[PDB]
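K.L.:
Below is the structure I would like to discuss, written out as structure tokens.
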Amino acid sequence: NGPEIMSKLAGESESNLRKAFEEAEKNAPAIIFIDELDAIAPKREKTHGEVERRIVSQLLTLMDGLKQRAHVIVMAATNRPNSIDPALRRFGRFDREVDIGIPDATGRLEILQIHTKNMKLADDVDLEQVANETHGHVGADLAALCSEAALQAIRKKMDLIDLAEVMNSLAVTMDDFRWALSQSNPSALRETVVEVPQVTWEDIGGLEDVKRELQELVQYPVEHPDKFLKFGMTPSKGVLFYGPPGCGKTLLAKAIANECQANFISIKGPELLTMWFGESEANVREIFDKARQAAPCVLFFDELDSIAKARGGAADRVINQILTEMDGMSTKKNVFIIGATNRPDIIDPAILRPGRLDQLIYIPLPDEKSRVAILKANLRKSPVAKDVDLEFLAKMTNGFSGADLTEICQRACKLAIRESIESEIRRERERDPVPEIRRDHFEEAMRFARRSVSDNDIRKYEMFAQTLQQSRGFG
Amino acid sequence: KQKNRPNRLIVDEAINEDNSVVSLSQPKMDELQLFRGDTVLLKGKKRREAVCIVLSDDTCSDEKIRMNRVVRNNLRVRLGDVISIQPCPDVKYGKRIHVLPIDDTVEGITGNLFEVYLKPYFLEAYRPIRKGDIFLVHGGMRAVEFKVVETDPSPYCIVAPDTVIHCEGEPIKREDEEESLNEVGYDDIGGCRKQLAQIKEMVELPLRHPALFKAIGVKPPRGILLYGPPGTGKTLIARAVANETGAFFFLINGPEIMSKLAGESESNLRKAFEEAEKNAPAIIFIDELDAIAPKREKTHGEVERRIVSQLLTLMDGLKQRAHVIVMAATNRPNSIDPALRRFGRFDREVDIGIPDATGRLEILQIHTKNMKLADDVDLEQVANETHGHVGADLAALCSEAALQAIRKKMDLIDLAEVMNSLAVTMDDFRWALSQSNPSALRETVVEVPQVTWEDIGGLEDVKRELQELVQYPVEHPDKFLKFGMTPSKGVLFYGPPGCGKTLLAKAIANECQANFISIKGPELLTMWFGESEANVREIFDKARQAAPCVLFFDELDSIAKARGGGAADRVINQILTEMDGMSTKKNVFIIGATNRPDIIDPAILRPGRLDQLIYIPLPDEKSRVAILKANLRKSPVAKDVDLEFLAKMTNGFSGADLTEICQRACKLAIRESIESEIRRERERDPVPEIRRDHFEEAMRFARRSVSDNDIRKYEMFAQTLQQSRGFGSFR
Ligand SMILES: Nc1ncnc2c1ncn2[C@@H]1O[C@H](COP(=O)(O)OP(=O)(O)O)[C@@H](O)[C@H]1O
Ligand SMILES: Nc1ncnc2c1ncn2[C@@H]1O[C@H](COP(=O)(O)OP(=O)(O)O)[C@@H](O)[C@H]1O
Ligand SMILES: Nc1ncnc2c1ncn2[C@@H]1O[C@H](COP(=O)(O)OP(=O)(O)O)[C@@H](O)[C@H]1O
């Protein structure tokens, strides 16, 4: 370990660092691991002192001391790539760079069976929906969650005479898992997830032409590499998305990466504003290089007009590095940039030039088949029964926002929660839950939904569409 | 708690003069399985022991055990306390005994004390002794105390006639601090129970249960941070878990490590943890962890990086060996080096915080256990106005009150006259509160306020959705395991100048029995202008630690007026980034207050982040009665006017304006009482009953603080809030 070398006195830092390297002279098949090397070799100008430079210099000297003699392998534990100084991680000398990241729902699931294959669960928990949630959780925290579950298994037993009545048969419940999760905290929070999410593409209906160029864009650069090379031109680097602020949070680019089995990294809107306001224009290189290293991922940028709204009181700091690293990027690596912006008038003029971002795909307001698909997605992954209908909404929902329709469904579902509370009151003054909503349970929810889009914004969307509408010739 | 042992009895006075003879009742000796001359083990405080012989006593109570003050001083107990008596069938006779007399009991007498005191006391008596105990042997019309130093049967022994007694001349010093508990009382520390129970569980279940570690898989605690304000009793917390399980405490000061020279600074830690490692029950307390381990940019020096690295190595060297854990005090966890806060290495992190009102009440009770009161104080409203204080400040308060009680006495003959009984009164505590410098001030705290929903009425359907949006998700989550999806993360209040919104928000957390935090608007402006927007993340972290809790925000139009005349600020996007990482679970409810909802950054109105918007109108004419019923306290009157005369004609006035009317009537009433009593002093029972005229000049000497052109903007928001509803379905 690195702090073993750091803990010794001056002059003894040479000891217990080279000593493993002539110990590796004995063993021809051998590896060398240094734990927590960020404390060993940080930025040289960041350190105040000289012994740190001595340790860094002797480690760099003993890196190539075994120049393919014993064929040993050096691996290390780095918390961040920018913690390591760039002189040590130069190419040819300690430069093979892979990553770990955070596990997905299946990874958290496998962590759960690994940590529960030794202990005895009470074989009633699902252990899968638990791993589907706990977003931003290290598997060490999953081990701590299992330890807290066993602690609750001790705790629900009263103060006994210390005999194996509960010790021989450890009883754990799903409510125990949830309450141990409640008395816990994530440490992998506010980090960019590199795993692919799934919505399985059925939840979005309509916009079939938009689906046609979305299957044109990212489905076959690696699925049809030679067929795309029949003409020889490069794939389209960037696509810009514009339309009304409705049904426009996420999951479309996640779906279109999910047919390609590609990773997903989303860039948040206020994350860009925080990096702009905090004068931190160096971490954009880190997240862009992480996105390039997570290939074949497709990027997603949200609310670029918010930076333009901040400039409104066209180019600024965060636009400059985005343009620089987007132009300074190969046409390979299967990397696509998707920009979400509901205000196309205030955007940067160098974005819309072709070669960088060219496909100005317009997303219209959700129509009748789109809202039928939205109610079907609300039926998806949610408990529901029959007598529900959608033909009332043929003129009730003429044109609605998708977020408006989801909060309609959520408010009606919480009205069903309120009538379940009334069923609890029924059980209270007795001394049926009826989870399915009423036939006209949406009737008061009709007064809980305003069309937040104004008609002049639809007019300016039509004007920007007809500005980019092109010529028609015949005869 | 445990019914496995009937050992818990009551300490009572004894009849027999023998120090090695204790008394018990006849029916309770057969339950404890004791013989005629059985030797038992008595356990008192500071895990000390004393071995005596139980004899049957007819007048002894069944629930009580009789002992004299020699046994009582050895067990470090008093009258009315509880001890445990254990039968010991493995007691053997003594081989060698080394004792040393105490210095103050041998002054004036010289010579061989073996043949005068030690020989008739230990001949044909079979008295069992304990190493470290104090026994008194009379002789020569004086009282000479004796203390056991070294025995060849090192745990305990019975003084055989063949036992050689080593009694060479060396006078030992009597320590007055050894008698009082140091500090073994579970109830000695107070005001922390909601987390004291948690930390007592996480240090209790690793102890006493070594075989439970194979069932637990991995032990959850290895190193526990104790962060909070200074003076809250972290040393007393560390001494509280000390000696309650029979584990070695071994307090280690951070300055005591930093004070020594290099090499010696490298020493006294691995020596310290190996001295912990030789014993199986072992705790280590560290004070001033940040003095040992500050931030990396704070480290300008060779030695400190070496000692942080050595602490890191010496912590992760132990891996499930001999169940040893460590606790450390901390100002605030941002100052600690973040490489320490890992998993398997400082994973369990607990907060203490300031004491509550009942907490400061019981802490005042604890610190006034040992001193005599005059029995005239209220002693609860003393603790009620101690806002922004700490337990060290409370100790300073009681010390200054006793100092003022000393100042009641003049310069007397300096003998024991008022030392027999003190006469500290309530105005002494008022004077101590007058010269009271707080420590927890300039720091926002968390507590559960006392409102209980009955101060303000109205909003009868806003309150119902307020319980089923906040309270009932906490109450029953099985309906959320039903058809129910995720609930709303938080709401925002907009309406009048929000003088009622804080009392409208605090009442839920009292009803929910949840915590509350109010981050005020000037603090948010200080976070913007002071370039301290990173600390909002730690504020949200302490909010998540205080789950369940209510996040109160206010005057978000104030931060938007500085840019409206860009849109977002350095703190608005940071707040959005913090609340976007908030889970749908954990019941972390947020609430915002805004006087001007038009000047709002529009990155909050979409659902998913924050969906529900709560409009409130002015308190109407029936709401005047609801506000005036809350004036039963803080301006008490019984019957002088009906409290509906002002509400019958006045069109619109704020409840802030109505309480301004009440406080100005209070001012007029107190003033006319003052010219009622100065004339009686001039001529030579307050009668604080007020009349209608104070209400008359209060209701005429007033001004409606709200503006009418903002109200029509609120019905502009309300006519926006009539929406695109349908008339009805056709089934
Ligand atoms: N399914 C989708 N996934 C991602 N972005 C979309 C989708 N539909 C539309 N968008 C883009 O998002 C923008 C509007 O997003 P918006 O609806 O404001 O987000 P939210 O759903 O969080 O309110 C539009 O400019 C549009 O181009
Ligand atoms: N809440 C409390 N209850 C009782 N005593 C307290 C409390 N807080 C502080 N004290 C007293 O203050 C003294 C100092 O405690 P503490 O602040 O933990 O030590 P340090 O200043 O070394 O951290 C203790 O001896 C304790 O008796
Ligand atoms: N329902 C109410 N409406 C208006 N003001 C009230 C109400 N109830 C109490 N108040 C008064 O408001 C004061 C507290 O105002 P506060 O909530 O701190 O304002 P702000 O939140 O704007 O700082 C109290 O002194 C109380 O007299």
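Labels for the structure tokens follow display order: chains A, B, ..., residues from 1 in each chain, ligands from 1.
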Name the residues in contact with residue B:346 at a cut-off of 8 Å, using only C-alpha atoms, excluding same-chain residues fewer than 4 positions from it; report them as a CSV table (one decimal) with N, CA, C and O atoms, in the first residue's frame.

P.N.:
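Dumped to selection_10.csv:
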```
chain,number,residue,atom,x,y,z
B,222,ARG,N,-16.5,0.3,12.3
B,222,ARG,CA,-15.1,0.3,12.6
B,222,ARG,C,-14.5,1.6,13.1
B,222,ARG,O,-13.6,1.5,13.9
B,223,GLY,N,-15.0,2.7,12.6
B,223,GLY,CA,-14.6,4.0,13.1
B,223,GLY,C,-15.7,5.0,12.9
B,223,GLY,O,-16.3,5.1,11.8
B,224,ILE,N,-16.1,5.7,14.0
B,224,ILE,CA,-17.3,6.5,14.0
B,224,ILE,C,-16.9,7.9,14.2
B,224,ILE,O,-16.3,8.3,15.2
B,225,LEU,N,-17.3,8.8,13.3
B,225,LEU,CA,-17.2,10.2,13.5
B,225,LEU,C,-18.2,10.7,14.5
B,225,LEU,O,-19.4,10.3,14.5
B,340,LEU,N,-10.1,9.9,4.3
B,340,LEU,CA,-10.5,9.2,5.5
B,340,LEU,C,-11.9,8.6,5.4
B,340,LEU,O,-12.1,7.5,5.9
B,341,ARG,N,-12.8,9.4,4.9
B,341,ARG,CA,-14.2,9.0,4.9
B,341,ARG,C,-14.4,8.0,3.7
B,341,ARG,O,-14.7,8.3,2.6
B,342,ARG,N,-14.2,6.7,4.0
B,342,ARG,CA,-14.4,5.6,3.1
B,342,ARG,C,-15.3,4.5,3.6
B,342,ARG,O,-16.0,4.7,4.6
```

K.L.:
Find the residues near ligand 1. Use a cut-off of 6 Å, count only C-alpha atoms and all ligand atoms, and write them as an NGL selection string.

P.N.:
(:A and (241-252 or 340-342 or 363 or 403)) or (:B and (606))

K.L.:
Rounded to one decimal place, report the atom CA of residue A:201-atom CA of residue A:111 distance in Å.

P.N.:
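Separation of atom CA of residue A:201 and atom CA of residue A:111: 28.3 Å.
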
K.L.:
For stretch 144-150 of chain B, list every protein, DNA or RNA residue within 8 Å, evaluated using only C-alpha atoms, and leave out those in the same chain fewer than 2 positions away; present the list as a list in words.

P.N.:
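Those residues are residues 97, 98, 99, 100, 101, 102, 105, 106, 129, 130, 131, 132, 133, 134, 135, 136, 137, 138, 139, 142, 152 and 154 of chain B.
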
K.L.:
For ligand 3, which residue out of B:52, B:610, B:403, B:658 is the nearest one, using only C-alpha atoms and all ligand atoms?

P.N.:
B:658

K.L.:
Specify as a list in words all residues of chain A found within 6 Å of chain B, counting only C-alpha atoms.

P.N.:
residues 3, 7, 150, 182, 270, 277, 310, 313, 383, 392, 396, 413, 446, 447 and 450 of chain A
